[PDB]
Amino acid sequence: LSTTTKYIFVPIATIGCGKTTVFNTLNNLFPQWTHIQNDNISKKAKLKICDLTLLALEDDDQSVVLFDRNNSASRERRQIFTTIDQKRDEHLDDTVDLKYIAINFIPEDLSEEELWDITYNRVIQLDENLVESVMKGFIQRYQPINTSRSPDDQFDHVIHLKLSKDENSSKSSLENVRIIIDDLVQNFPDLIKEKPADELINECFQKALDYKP
Ligand SMILES: Nc1nc2c(ncn2[C@@H]2O[C@H](COP(=O)(O)OP(=O)(O)O)[C@@H](O)[C@H]2O)c(=O)[nH]1
Ligand SMILES: [Mg+2]
């Protein structure tokens, strides 16, 4: 109406950290949010994920883009800011406030050994040697978020997730969905007025967990 705010949720993650499960759960709770999955976009597609993001932020309808890519490498976050900042004036008028929220899927204190152990067994449980090999490449390129310097200092806010083996029958992606919701209620009350009920979060996560694409 007068000064609408849009949000782009940028994961920093490697394969199998739970990005799509968490974003699917969120989309299941908030059907108006736009979940754009890089895995669904051809490498020779006319519109790539950055183009599809801006297109999915034009209407007064569309406030949230779930940007579903690993962005394990620093340059992959730089691309997002530069490309979107650079094409924003093509589509959005000067009343649109755009915020980038990092969703950090890999704790600061996690070792590569435990990162590998958790994500690899998630994904195995499709030549086996080449799925392993692609996962390794995203880990080799992984540069932890560093909001003290370019480009990560352009984030408006960071949400720190956990990456654990499941304990006490609590999947860490479900723990992570709750963190994101609690964080948004606190720090962006206009995005989520009041929480979904706990059982609706559980059911929406159950839907995401048992998704067989
Ligand atoms: N054990 C466990 N598995 C999970 C969790 N979250 C997601 N998964 C599963 O791990 C696999 C990959 O997760 P996905 O969300 O696709 O990871 P992405 O590659 O980051 O999208 C899927 O089979 C999920 O069902 C979790 O918290 N615990
Ligand atoms: Mg995925």
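Residues numbered from 1 in each chain as written, not as in the entry; some residues may be left out. Chains lettered and ligands numbered in written order. Heavy atoms only, no water.

For the rest of this paragraph, the subject is the site of ligand 1. In the region of ligand 1, 13 residues are neighbours, and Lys-19, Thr-20, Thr-21, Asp-166 and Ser-173 sit closest. In the environment of ligand 1, an oxygen atom lies 2.9 Å from a nitrogen or oxygen atom belonging to the backbone of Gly-16. With respect to ligand 1, the side chain of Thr-21 contributes an N or O atom lying 2.6 Å from an oxygen atom. Protein burial of ligand 1: of its 580 Å² of free accessible surface, 75% is covered by the chains. In terms of residues, the shell around ligand 1 owes the most to one element, helix α1 (residues 19-29), which gives 3 residues. Each residue belonging to the shell around ligand 1 can be placed in one class, and the counts come to 3 nonpolar, 6 polar and 4 charged. (Near = heavy atom within 4 Å. Polar contact = N/O pair within 3.5 Å; in protein donor to acceptor, adjacent residues only side chain to side chain. Areas by Shrake-Rupley, 256 points an atom, 1.4 Å probe, with all protein chains shown as cover. Helix = DSSP H or I, 4+ residues; strand = E, 2+ residues; numbered from the N terminus. Nonpolar A, V, L, I, M, F, W, Y, C, P; charged D, E, K, R; others polar.)

Taking 1.5 Å per residue, 18 residues should reach 26 Å; helix α3 (residues 74-91) reaches 26 Å between its end C-alpha atoms and fits that length. The largest bend in α3 comes to about 30 degrees, at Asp-85. Contacts from the buried residues of α3 go to β1 (5-12), α2 (49-55), β3 (64-68), β4 (97-104) and α5 (128-140). (Expected span 1.5 Å × (residues − 1). Bend = angle between axes of the 7 residues up to and from the residue. Contact = heavy atoms within 4.5 Å.)

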